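Student: below: the sequence, then the experimentally determined structure.
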Amino acid sequence: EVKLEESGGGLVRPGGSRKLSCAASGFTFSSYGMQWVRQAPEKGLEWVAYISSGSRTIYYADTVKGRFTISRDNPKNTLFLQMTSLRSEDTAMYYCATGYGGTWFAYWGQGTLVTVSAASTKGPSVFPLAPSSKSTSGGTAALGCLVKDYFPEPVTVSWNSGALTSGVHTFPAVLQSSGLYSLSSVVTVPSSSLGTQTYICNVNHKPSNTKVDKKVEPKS
Amino acid sequence: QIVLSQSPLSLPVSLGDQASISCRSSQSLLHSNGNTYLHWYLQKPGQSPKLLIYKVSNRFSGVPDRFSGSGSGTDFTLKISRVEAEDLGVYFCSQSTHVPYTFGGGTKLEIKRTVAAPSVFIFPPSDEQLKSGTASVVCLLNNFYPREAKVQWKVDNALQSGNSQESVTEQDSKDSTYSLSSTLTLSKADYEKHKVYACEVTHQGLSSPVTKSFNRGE
Amino acid sequence: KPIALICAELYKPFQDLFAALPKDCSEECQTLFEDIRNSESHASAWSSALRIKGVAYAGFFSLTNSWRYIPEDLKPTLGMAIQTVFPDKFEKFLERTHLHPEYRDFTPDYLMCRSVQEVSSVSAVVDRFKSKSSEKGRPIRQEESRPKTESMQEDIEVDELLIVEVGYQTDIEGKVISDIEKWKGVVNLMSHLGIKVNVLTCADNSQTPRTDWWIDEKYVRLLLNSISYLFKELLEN
Ligand SMILES: [Mn+2]
């Protein structure tokens, strides 16, 4: 099975550097050109670099020329990307890819997220969005959590430790002008269940090693 | 650079129907070796891209035969013969004939469904947040289709600008609807100088714009 | 000293030379040495010595690189290499060379293609020249045709040529520069034909340290002890 596994992402301050790696398995890695592609959040794909199988030919996108270096260690089945003088516009998910016989992107990794920013890692403030008559329709009530002012991204929300998945909408984060992120997560439930059913939102933010379990109750 | 122009930007399509996506190249993609390096990818929401078609019309191994490509020179098309719910996501053409390798901006395949009006709910700021000196008011548009919607805030009937942000889910894989949150953020002080907090929602599924509101102290 | 006494003083160093040259090369260098022995003027002898200098170097260049020495007359022109290697494009070659017909007759020291002599790998040759140029500061110039901004491809092999220009002269920079300037037009012509060619040019002189030439050190001692001493004794006397 062809697989590509990227590593090395994380938080980096503007002007800083990072080295990304991609472990290749399931094919003779040494015979094939290797590529890096990136995707800024909520944007399209943007090709980054190519390296021939024997490293004789290397291509760069103009945006990264003079700052990024692609390279490979064929005995180690590993592809690299040295990133330097990073800018916030480099904030992206970085994928390694290969054609396994051509210059098209046949095989992709799961990607690794690079965040370039001077904002400081902060776990989220979690506030309940309480069910009420203003959030009810028929026999259905909406409730949720506001997950405010955390950094950098991935945060994960679950409801009742993941037992509650029907009707859950966790919204994509919005980058605030403070440099921090915020989102909300809502769920609709039977309004008859209020008073009897405990609703707890579980906010996990691994970058700050913070985990928040907020209980959402109807207010009085 | 070679510019790839995709049309349409978004392609609402009913289950079972055919879909066609166009990709136009700003220069011929015919390589001097005789091949044409125009390729088609699908990116399902929250996943990494998948190759569908390489060199114009070659279907990648494992790819369902409902996908096909054709064209030459500067004009290329991807056909989905019979759309499936799984085919939801963004479709990119890309070329590797010329350095830099480039992508089109993507076509968002949208599954058609019957019109659904949004359920509109409003959430006053929690007491926990008000103690921290800020008030966020959340307005929620739940389970609506199509996506076009207009949401505005009015505090004591005065339109608000510059103090709200909005976020939309991807199209739901099960019921094909969208949800949208809009968050108005006031300082606690500004929040305590007003009474009526209202969210006005326009959507083609509503007989008229809906104003969901609350009075602060209640 | 009489020309015929210079040849005698350097009969052994020129036998060691002719003994190491490719068969067709040493036969040429031998005919020229005789003309120099029977030279009736310091002019004609110089002109003969000049031709030995270049011919003997080109043979030691073929030796070091394990290529074939092809006497000038038997060397292919640019038109002959495309005719035979890119026949589907020779007609368009001729059409695009109406205002520059001289391009067709260009005749490098080595006109090779990848499996007109054949070479295992064109990219390998270019890497060796670029390596020595970077490690030893040896002036080279290199040009690769490239239609538009086309990328290399991994799914198909293309036929490709390699054009090499060598030289043994005091002005190493001027040669690499003037060589690469003569091929620029054709390089841009191949680009417009979709033909992949690589032009390499280098040069050595006698002040170049013996371990840093484009020919094996042994060949260097063979040329300095013979063609160089000659030039010394040819002017002085
Ligand atoms: Mn020459």
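Tutor: That came through, no problem. Residues are numbered from 1 along each chain as shown, chains lettered A, B, ... in the order given.

Student: surely residue A:161 meets residue A:202?
Tutor: Yes. At 6.0 Å, residue A:161 counts as touching residue A:202 under the criterion of Cβ atoms under 8 Å. For the C-beta atoms, the positions are set from N, CA and C on the backbone; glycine is no exception.

Student: dihedrals phi and psi, the nearest residue to residue B:46 once chain neighbours are set aside?
Tutor: Nearest non-adjacent residue to residue B:46, counting by Cβ to Cβ, 6 or more residues apart in numbering or on different chains: residue B:170, 7.8 Å away. With angles defined as degrees, to the nearest 10, residue B:170 sits at phi -60, psi 170.

Student: same question for the one 5 residues further on.
Tutor: The main-chain torsion angles of residue B:175 are listed as degrees, to the nearest 10 and equal phi -110, psi 0.

Student: which residues does it contact?
Tutor: Neighbouring residues of residue B:175 by Cβ atoms under 8 Å, 6 or more residues apart in numbering or on different chains: B:113, B:143.

Student: who touches stretch C:3-12?
Tutor: Applying Cβ under 8 Å, 6+ apart, the external contacts of stretch C:3-12 come out as C:1, C:14, C:33, C:36-39, C:42, C:45, C:226, C:229-230, C:233-234, C:237.

Student: mind checking which of the residues you listed are in helices?
Tutor: Among the contacts of stretch C:3-12, the ones falling in helices (DSSP state H) are C:14, C:33, C:36, C:37, C:42, C:45, C:229, C:230, C:233, C:234.

Student: buried residues in stretch A:117-137?
Tutor: For stretch A:117-137, a neighbour-count test (16 or more other Cβ atoms under 10 Å in any protein chain shown) marks A:117, A:119, A:122-132, A:134-136 as buried.

Student: between those residues, which is nearest residue C:129?
Tutor: Of all these, the one with the least separation from residue C:129 (Cβ to Cβ) is residue A:117, at 45.4 Å.

Student: if we can go back for a sec, show the buried residues in the contacts of stretch C:3-12.
Tutor: Here, 16+ other Cβ under 10 Å leaves C:14, C:33, C:36, C:37, C:39, C:45, C:226, C:229, C:230, C:233, C:234 buried among those.

Student: could you export those residues as a markdown table, including distance to chain A?
Tutor: Conversion of those to a markdown table gives the following (distance: Cβ to the nearest Cβ, whole Å):
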| residue | distance to chain A |
| --- | --- |
| C:14 | 42 |
| C:33 | 43 |
| C:36 | 45 |
| C:37 | 50 |
| C:39 | 49 |
| C:45 | 47 |
| C:226 | 39 |
| C:229 | 42 |
| C:230 | 42 |
| C:233 | 47 |
| C:234 | 45 |
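
Student: where do the helices of chain B begin and end?
Tutor: Secondary structure of chain B, counting by DSSP H: helices at B:127-131, B:188-192.

Student: of these, which is nearest chain A?
Tutor: Taking Cβ to the nearest Cβ, helix B:127-131 is the member of these nearest to chain A, at 4.6 Å.

Student: is the closest one in proximity to chain A?
Tutor: Yes. Counting by Cβ under 8 Å from any Cβ of the partner chain, chain A is contacted by helix B:127-131 at B:128, B:129.

Student: once you drop chain neighbours, what's closest to residue A:200?
Tutor: In space, residue A:200 is closest to residue A:215, 4.9 Å off (Cβ to Cβ, 6+ apart).

Student: for the one you found, which residues are in contact?
Tutor: Applying Cβ under 8 Å, 6+ apart, the residues near residue A:215 are A:128, A:198, A:199, A:200.

Student: so residue C:110 bridges to which residues?
Tutor: residue C:164 (DSSP bridges).

Student: quick check, it in contact with residue C:67.
Tutor: Yes. With contacts counted by Cβ under 8 Å, residue C:110 reaches residue C:67, the gap being 6.2 Å.

Student: which residues do the two both contact?
Tutor: By Cβ under 8 Å, 6+ apart, residue C:110 and residue C:67 have these common neighbours: residue C:117.

Student: please say which of these two ends up with more neighbours.
Tutor: residue C:110 (24 against 18; other Cβ atoms under 10 Å in any protein chain shown).

Student: contacting residues for the more buried one?
Tutor: Applying Cβ under 8 Å, 6+ apart to residue C:110 gives the contacts C:67, C:117, C:162, C:163, C:164, C:166.

Student: walk me through the domains of chain A.
Tutor: As given by automatic domain parsing, the domain ranges for chain A are A:3-116, A:125-216.

Student: among those domains, which comes closest to the ion?
Tutor: Taking Cβ to the ion, domain A:3-116 is the member of these nearest to the ion, at 26.2 Å.

Student: tell me how far the closest one lies from the chain's centre.
Tutor: Put simply, domain A:3-116 sits 16 Å off its chain's centre (Cα atoms, centre = their mean, to the nearest Å).

Student: next, count neighbours for residue C:119.
Tutor: Residues within reach of residue C:119, counting by other Cβ under 10 Å, total 19.

Student: what do you get for residue C:90?
Tutor: Neighbours around residue C:90, by other Cβ under 10 Å: 18.

Student: in which helix or strand would I find residue C:17?
Tutor: helix C:11-20 (DSSP states H and E).

Student: could I have the CA atoms of that helix written out in PDB?
Tutor: In PDB, the C-alpha atoms belonging to helix C:11-20 read as follows (Å, rounded to 0.1, in the frame of the first residue of the first chain):
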ATOM      1  CA  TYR C  11      61.500  12.600 -30.600                       C
ATOM      2  CA  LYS C  12      61.100  10.600 -27.400                       C
ATOM      3  CA  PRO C  13      58.600  12.900 -25.700                       C
ATOM      4  CA  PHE C  14      56.600  12.900 -29.000                       C
ATOM      5  CA  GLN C  15      56.700   9.100 -29.200                       C
ATOM      6  CA  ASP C  16      55.400   8.800 -25.600                       C
ATOM      7  CA  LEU C  17      52.700  11.200 -26.900                       C
ATOM      8  CA  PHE C  18      51.700   9.300 -30.100                       C
ATOM      9  CA  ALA C  19      51.800   6.000 -28.200                       C
ATOM     10  CA  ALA C  20      48.900   7.100 -25.900                       C
END
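
Student: quick one: that helix to helix C:229-236, angle?
Tutor: Here helix C:11-20 runs at an angle of 140 degrees relative to helix C:229-236 (axes from the mean of the first three to the mean of the last three Cα atoms, to 10 degrees).

Student: that concludes my questions; thank you for your assistance.
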